[PDB]
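Structure at a glance
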Amino acid sequence: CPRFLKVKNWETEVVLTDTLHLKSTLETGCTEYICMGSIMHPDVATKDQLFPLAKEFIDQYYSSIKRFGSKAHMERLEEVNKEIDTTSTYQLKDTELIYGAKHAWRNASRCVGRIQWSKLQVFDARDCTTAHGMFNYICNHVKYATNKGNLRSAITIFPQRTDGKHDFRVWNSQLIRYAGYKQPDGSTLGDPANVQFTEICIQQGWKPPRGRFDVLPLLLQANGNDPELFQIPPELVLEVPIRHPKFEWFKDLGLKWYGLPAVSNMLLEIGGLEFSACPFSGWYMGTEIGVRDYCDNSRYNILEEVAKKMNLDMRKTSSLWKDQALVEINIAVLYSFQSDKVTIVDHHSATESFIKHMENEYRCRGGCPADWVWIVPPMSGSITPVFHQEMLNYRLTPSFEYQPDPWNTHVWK
Amino acid sequence: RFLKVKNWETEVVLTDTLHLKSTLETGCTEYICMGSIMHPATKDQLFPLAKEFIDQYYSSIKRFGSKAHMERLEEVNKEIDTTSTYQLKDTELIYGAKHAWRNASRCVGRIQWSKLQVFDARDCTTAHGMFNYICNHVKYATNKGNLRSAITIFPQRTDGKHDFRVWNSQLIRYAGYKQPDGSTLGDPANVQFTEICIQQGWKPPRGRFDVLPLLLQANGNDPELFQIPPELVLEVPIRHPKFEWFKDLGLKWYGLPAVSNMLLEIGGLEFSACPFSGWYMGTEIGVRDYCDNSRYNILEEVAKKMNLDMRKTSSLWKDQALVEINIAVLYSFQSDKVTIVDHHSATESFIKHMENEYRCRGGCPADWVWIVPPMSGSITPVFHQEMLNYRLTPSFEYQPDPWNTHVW
Ligand code: HEM
Ligand code: HEM
Ligand SMILES: Nc1ccc2ccc(CNCCCc3cncc(F)c3)cc2n1
Ligand SMILES: Nc1ccc2ccc(CNCCCc3cncc(F)c3)cc2n1
Ligand SMILES: C[C@H](O)[C@H](O)[C@H]1CNc2nc(N)[nH]c(=O)c2N1
Ligand SMILES: C[C@H](O)[C@H](O)[C@H]1CNc2nc(N)[nH]c(=O)c2N1
Ligand SMILES: [Zn+2]
């Protein structure tokens, strides 16, 4: 691979030089003959697979603290090596755990919010042994991160994988999501995205209220055991009623959303160690709710209803009635969050911050891996600066990874 | 292997086998994706390329290994062997041009690919000849508002010093002028080209929408200036169906998008001059040409007239102005009965096209970065469509600006 790759911004003429890509650790899925950049997704480590993975991370950590090659560096390498030799795994120091989590975020090529990567509260939950304990840790995370609306980014890290039959998993895809209910007539109530999971919860004993915005219970698996249900204390779940500054009728649509986006089904990989339960949270970019959650045809799908209330000509597509209503819905989401003083960022501010972030990273780090397909917001693409910015996508470690859904793999006891 | 692409909204899964045909590189490697990077002969090189193309031509008319096929291979072979090049048959030229369109991964309009009027201009020898051919192209393709896709193909490259080139990036474009006060009048994209026309003798009206003259290079000679007869230049005054003040912005655009700076490659042969044209998807003008900061950059002016609050970005005043502008462009073209397609209709057809291509051809190379419209991405079906990008020949390729290589 060439040592220096250039990226250009076509609106500002700024050229950046990437050297960081040489540190790339795994496959994108592309080859020299095909690009899979728009494909969404293109038994434990042996002792021999683990050794170089840990060394690579340890070196990286000690290089970051300006102690590379020090006595403490070499001692730590020695102690890790002996641990792997005698136990076939190793345990991270708290310093290393914190460094690794922050860097997994810093490395997440699909995240537009990474300017914030160094301000991450890390909660070490590696002493957790039961599902009740996972619930306690999760409740504390939710309360801290919510902070009465002044949201603070955070991650809670549960014990790492051992033999793969004792995994800790949060079965929820996010800590807070709304239920979906398939009706006998084919219609869906609530969020169609969560139908499968909702069904699982109901089978496990959950009594469904069967409303349009029912917060799902936690389904929590500890140490490879069967998962257990828990209700999050409603006072810990901050929600925002969606209204519009001009359209008095908008509140009558009865929409609302939850304040805290908290992804809980990803796998955190550090120095070859696998943390299968690592729920993390930041705050929302408005479009995630106003465009995707609300306007996707396979989601709440509200465009028509809003358009009819806006008295739009909906007979031709070329009236852009869909686009017109889409903007108003997004205005409503930002207005409603700001008004209730719940942190949220619009797609202009967020993409402008990311450009500055990217430039700084190129300067101090020699690059910034970025997935343009994900970074460009789902509305108004080209009137945000990221649209015009060439990006290189590659995979650095530590990293957040996808993992199979737990009900697909769980061995029921 | 076989590659699956999934649409996440419809759950439809397609299987790509067509990609096994590509031999050209994408730029990505196993470890680094360059999906958002805008831009990542000899006898010995020539024949296998010629043979490849002749082979797929005869496979497409279902006469592979036929007497005609065999004879054509030997004929081309002899001709390369004796002249360092060869000439395509008319049938092959047409097949080649339609297939370059079909293989253009960045083009959302490909459902039309087999409807392409091909104008063979390989007998052309002078810039005056080129002008005549271009005028006829524009007249044919414009068709009084009922636009028809067309391509005009000039002689292929020989030694690299006798290239035919249309120096204009599109056949019809608006000039751009650098003002004393450091601002730009007209289209800032064309400031450099405009200056070259001026330096060559073009007398600029110095307005906002001055149609540039044609600058045409035949056989490697210096380029020459020509004014396209105005009656051949269809233009649309932009107005809004609700905001009657919109026409007071004085905005207009031309009906015919005719890209003239690309290189058409067929069977190893390079056609450095091949202006082609279709019709507009509305966002090209309403989002990119009008609202790009580096282009006409009108958002702020429009937003003012709409009396929006422009203090905070989170009011989405920009997004609001963007939609109204795009509504106007579509309404104007439609009202003047000039062909145009909105991004909903276009992306819809593209999905149907993909479905067609997978069934009959085994796939469809597609560049999600280009296919997804620059506004309202996820409310169009292509946003939710996984696509595989790969390079098939015949193809349209980029080439350097003539002013950076030409000696006078
Ligand atoms: C602090 C404010 C943050 C903002 C504004 C933000 C913004 C975003 C957005 C808009 C996406 C696209 C998600 C989608 O379309 O589904 C995303 C993806 C992502 N974010 Fe961030 N984020 C933030 C914090 C975080 C944190 C704290 C982490 C981890 C510690 C993180 C890691 C990721 C990852 C791994 C993805 C890719 C998710 C996937 O592939 O499904 N983000 N972010
Ligand atoms: C007939 C109606 C057509 C429509 C609606 C259409 C639509 C589009 C659009 C919107 C783009 C993106 C352009 C940009 O953002 O700069 C594009 C790209 C492209 N189109 Fe089409 N197009 C049409 C006809 C054609 C024809 C007739 C050809 C060639 C014979 C063609 C070949 C291409 C190529 C090569 C690109 C890539 C341009 C580049 O890489 O710079 N298209 N098309
Ligand atoms: N505001 C934030 C911050 C961090 C985030 C991290 C992750 C996410 C959500 N990514 C969800 C995509 C999951 C998915 C996987 N496969 C197919 C899909 F359609 C969707 C949203 C975030 N939002
Ligand atoms: N409606 C159509 C049909 C075919 C088209 C074919 C091409 C185009 C314009 N492509 C623009 C590429 C110019 C460019 C390339 N690389 C970097 C740049 F900054 C600018 C527009 C079309 N519009
Ligand atoms: C097929 C395509 O890759 C898929 O729909 C992607 C496109 N870009 C995205 N970008 C973000 N931020 N989130 C998404 O879910 C998607 N979906
Ligand atoms: C940096 C990025 O590749 C560049 O801005 C691309 C993005 N997608 C595009 N898509 C289209 N249709 N046209 C373009 O000019 C671009 N520009
Ligand atoms: Zn790629």
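Scoring rules and cut-offs
Residues numbered from 1 in each chain as written, not as in the entry; some residues may be left out. Chains lettered and ligands numbered in written order. Heavy atoms only, no water. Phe/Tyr/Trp six-rings, centres within 6.5 Å; stacked < 30°, edge-to-face > 60°. Helix = DSSP H or I, 4+ residues; strand = E, 2+ residues; numbered from the N terminus. Buried < 20%, exposed > 50% of the residue type's maximum accessible area, 1.4 Å probe, protein only. Expected span 1.5 Å × (residues − 1). Polar contact = N/O pair within 3.5 Å; in protein donor to acceptor, adjacent residues only side chain to side chain. Pairing = 2+ DSSP bridges. Contact = heavy atoms within 4.5 Å. Axes fitted to C-alpha atoms, helices over the stretch in contact; angles between N-to-C directions. Donors = N, O, S within 2.8 Å, 3.2 Å for Na, K, Ca; no water. Near = heavy atom within 4 Å. Areas by Shrake-Rupley, 256 points an atom, 1.4 Å probe, with all protein chains shown as cover. Nonpolar A, V, L, I, M, F, W, Y, C, P; charged D, E, K, R; others polar. Domains from an automatic or database assignment. Buried area = accessible area lost by both parts, 1.4 Å probe. Salt bridge = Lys/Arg side-chain N within 4 Å of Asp/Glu carboxyl O. 1 Å grid on protein atoms, 1.4 Å probe; cavity = no way out; pocket = protein on both sides within 12 Å on 5 of 7 lines; lining within 4 Å. Points joined across faces, edges and corners; volume = space filled by probe spheres on them.

Regarding how it was determined, this PDB entry cites X-ray crystallography in its header, along with a resolution of 2.000 Å.

Taken as a whole and assessed by the stated rule, the structure comprises 44 aromatic pairs over all chains. Judged by centre distance (5.8 Å) and plane angle (85 degrees), the rings of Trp257(A) and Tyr300(A) are edge-to-face. Within this pair, whereas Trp257(A) is found in strand β11 (residues 256-258), its partner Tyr300(A) is found in the loop between α6 (286-295) and α7 (303-309), the two being separated by 43 residues in sequence. Taking the centre distance of 5.8 Å and the plane angle of 75 degrees together, the rings of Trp167(B) and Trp408(B) count as edge-to-face. Of this pair, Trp167(B) sits in the loop between β5 (165-166) and β6 (176-178) while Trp408(B) is found in the segment after β18 (395-397), placing the two residues 241 residues apart along the sequence. Taking the relative accessible area as the measure of exposure, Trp167(B) reaches 2% and is therefore buried.

The next point concerns helix α9 (residues 347-365) of chain A. Residue and element names in this part refer to chain A. For α9, with 19 residues, the first-to-last C-alpha span of 25 Å sits near the 27 Å given by 1.5 Å per residue. When α9 is considered as a whole, its buried residues turn out to be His 347, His 348, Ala 350, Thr 351, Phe 354, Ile 355, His 357, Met 358, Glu 361, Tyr 362 and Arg 365. Where α9 begins, one side-chain oxygen reaches toward the backbone nitrogen of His 348, 2.9 Å away; that side chain belongs to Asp 346. Just past α9, the residue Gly 366 takes up positive phi, approximately 85 degrees.

Okay, unusual backbone geometry next. Following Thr397(A), the chain continues into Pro398(A) via a peptide bond in cis, with omega recorded as -5 degrees. Tracing the backbone shows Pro398(A) in the loop between α10 (372-375) and β18 (399-401). Looking along the chain, the bond that leaves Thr393(B) and enters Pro394(B) is cis, with omega of 0 degrees. Residue position: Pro394(B) is located in the loop between α10 (368-371) and β18. One non-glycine residue, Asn311(A), lies in the positive phi region at around 50 degrees. Along the chain, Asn311(A) turns up in the loop between α7 and α8 (321-339). Classification of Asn311(A) by relative accessible area gives exposed; the value is 68%.

The next thing to look at is the sheet that holds strand β8 (residues 218-221) of chain A. Residues and elements named next belong to chain A. In spatial order, the strands read β5-β8-β9; together these three strands make up an open sheet with antiparallel pairing. Looking at strand neighbours, the two that pair on one side only are β5 (169-170) and β9 (228-230), the edges of this open sheet. With two bridges joining them, β5 and β8 adopt antiparallel strand pairing. Note that in β8 the partner of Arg 169 across the bridge is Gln 221. Each of β5, β8 and β9 touches helix α4 (residues 131-146); the most contacted strand, β8, lies at about 125 degrees to it.

Looking at the iron atom of ligand 1, one finds just one donor atom contributed by the protein, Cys111(A) (SG), at 2.3 Å. Position of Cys111(A) relative to the elements: it lies in the loop between α3 (94-106) and β3 (121-124).

Moving on, we come to the site of ligand 6. All residues adjacent to ligand 6 are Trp372(A), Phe387(A), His388(A), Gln389(A), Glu390(A), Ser36(B), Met38(B), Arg288(B), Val369(B) and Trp370(B). At the site occupied by ligand 6, the surrounding residues belong to chains A and B. A distance of 2.6 Å separates an oxygen atom of ligand 6 from a polar backbone atom of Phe387(A). Backbone polar atom of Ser36(B) to an oxygen atom of ligand 6: 2.7 Å apart, as the coordinates give it. Taken by itself ligand 6 offers 390 Å² of open surface, and the protein chains cover 85% of this. Residue composition of the shell around ligand 6, grouped by class: five nonpolar, three polar and two charged.

Turning next to the domain arrangement of chain B. All names here are of chain B. Domain boundaries in chain B define domain 1 (16-122 + 149-159 + 263-277 + 347-371), domain 2 (123-148 + 163-234 + 398-402) and domain 3 (235-257 + 280-345). Taking the mean C-alpha position of each, domain 2 and domain 3 sit 24 Å from one another. Domain 2 puts 21 residues into the contact, and the matching count from domain 3 is 19 residues. Area buried by domain 2 at its contact with domain 3 is led by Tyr 174, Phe 209 and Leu 234, which between them contribute 35% of it. At the surface where domain 2 touches domain 3, the tally comes to one salt bridge. For the salt bridge of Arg 295 with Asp 187, the shortest nitrogen-to-oxygen distance reads 2.8 Å.

Each pocket or cavity is described by its volume, and for the largest cavity that value is around 90 Å³. As for the largest cavity, its lining consists of 14 residues, and the residues nearest its centre are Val376(A), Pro377(A), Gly381(A), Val372(B) and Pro373(B). Among the residues making up the lining of the largest cavity, the classes are represented as twelve nonpolar, two polar and no charged.

Each partner contributes to the interface: chain A provides 65 residues, whereas chain B provides 63 residues. Approximately 5,400 Å² of surface area, both sides summed, lies buried where chain A meets chain B, with 61% of it carried by carbon and sulfur atoms. For the pair chain A and chain B, the number of links is zero salt bridges. Remark: the boundary between chain A and chain B carries 29 residue pairs in polar contact. Elements that contribute at least two residues to the side of chain A that touches chain B include exactly β1 (5-8), α6, α8, α9 and α10 of chain A.

The subject of this paragraph is the sheet that holds β3(A). Residues and elements named next belong to chain A. The strand order β3-β4-β15-β12 describes an open sheet built from four strands, whose pairing is mixed. Strand pairing shows two members of the sheet lacking a second neighbour, β3 and β12 (262-263), which therefore form its edges. Pairing of strand β4 (residues 154-157) with strand β15 (residues 280-281) involves two bridges; the strand directions are antiparallel. Along β15, the bridge assignment pairs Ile 155 with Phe 280. Most of the contacts of α3 go to β3, to which it runs at about 130 degrees, and overall it touches β3 and β4. Packing against the sheet, α4 makes contact with β3, β4 and β15, and its axis sits at approximately 170 degrees to β4.

Looking now at the site of ligand 2. Residues and elements named next belong to chain B. Lining the immediate surroundings of ligand 2 are 18 residues, of which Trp 101, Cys 107, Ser 149, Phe 276 and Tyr 398 lie closest. A distance of 3.2 Å is found between a nitrogen atom of ligand 2 and a side-chain nitrogen or oxygen belonging to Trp 101. In terms of residue class, the shell around ligand 2 is built from twelve nonpolar, four polar and two charged.

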